[PDB]
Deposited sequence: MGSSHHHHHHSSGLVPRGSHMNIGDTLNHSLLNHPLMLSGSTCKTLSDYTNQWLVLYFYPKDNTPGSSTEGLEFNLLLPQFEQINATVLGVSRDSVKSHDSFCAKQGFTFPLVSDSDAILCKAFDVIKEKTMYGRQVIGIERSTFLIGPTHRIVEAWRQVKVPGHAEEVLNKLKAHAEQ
């Protein structure tokens, strides 16, 4: 089905790709070496589904940080859009503005659906381990309770 799968290792080009984040900050996925990263993709800022998803992760954020994990959300919206969405919702973790669709294509989350050409992000989340391998991959994500399922999966690995 997809070209980024559990067991795959992020390559050097992807690990060093510059990420534009909310707050006008920048990071690369390599900054998360030796920690777990939850990288969650959502279709569009400021929708009922993506604000619920954000809020569910935001509530759990201390529990993730307590076991050496953190969260980054991703859509192709602008930094300006992300900052308005972070502020309105009170998100404490960052959002990647993937405005060149590089992470979206890398993680193979761009899909073609129904209405009614819609090409856009299929809601998807990856749990990336401390050596940059895909440990879990959820595709066609259903929003409610997803952030807690993710947390519990990470806890289940932590034993």
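A.B. asks: Provide the list of deposited-sequence positions lacking C-alpha coordinates, grouped into contiguous ranges.
C.D. replies: Several regions go unmodelled: 1 to 17, 134 to 135, 179.
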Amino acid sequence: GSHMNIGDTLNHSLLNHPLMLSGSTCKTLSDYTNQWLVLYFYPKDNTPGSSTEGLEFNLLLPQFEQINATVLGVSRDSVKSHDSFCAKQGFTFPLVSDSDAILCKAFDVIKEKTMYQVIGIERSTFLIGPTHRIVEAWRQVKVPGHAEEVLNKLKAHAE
From here on, numbers count along this sequence of modelled residues.
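A.B. asks: Averaging C-alpha B-factors over each stretch, which comes out higher, 7 to 15 or 141 to 149?
C.D. replies: Mean CA B-factor is higher for 7 to 15.
A.B. asks: Per the record, averaged over C-alpha atoms, which has the higher B-factor: 27 to 35 or 129 to 137?
C.D. replies: Result: 27 to 35.
A.B. asks: When the CA B-factors of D108, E53, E112, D98 are compared as recorded in the entry, which is the largest?
C.D. replies: When the deposited C-alpha B-factors of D108, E53, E112, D98 are compared, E112 is largest.
A.B. asks: Quick check on the deposited entry: does the C-alpha B-factor of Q63 sit in the lowest, middle or highest third of its chain?
C.D. replies: It falls in the middle third of the chain.
A.B. asks: Within this chain, which third does the Cα B-factor at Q117 fall in: lowest, middle or highest?
C.D. replies: Ranked within chain, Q117 CA B lands in the highest tercile.
A.B. asks: Would you please rank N46 by its C-alpha temperature factor against the other modelled residues of its chain and give the third it falls in: lowest, middle or highest?
C.D. replies: Within its chain, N46 is a highest-third residue by C-alpha B-factor, going by the deposited values.
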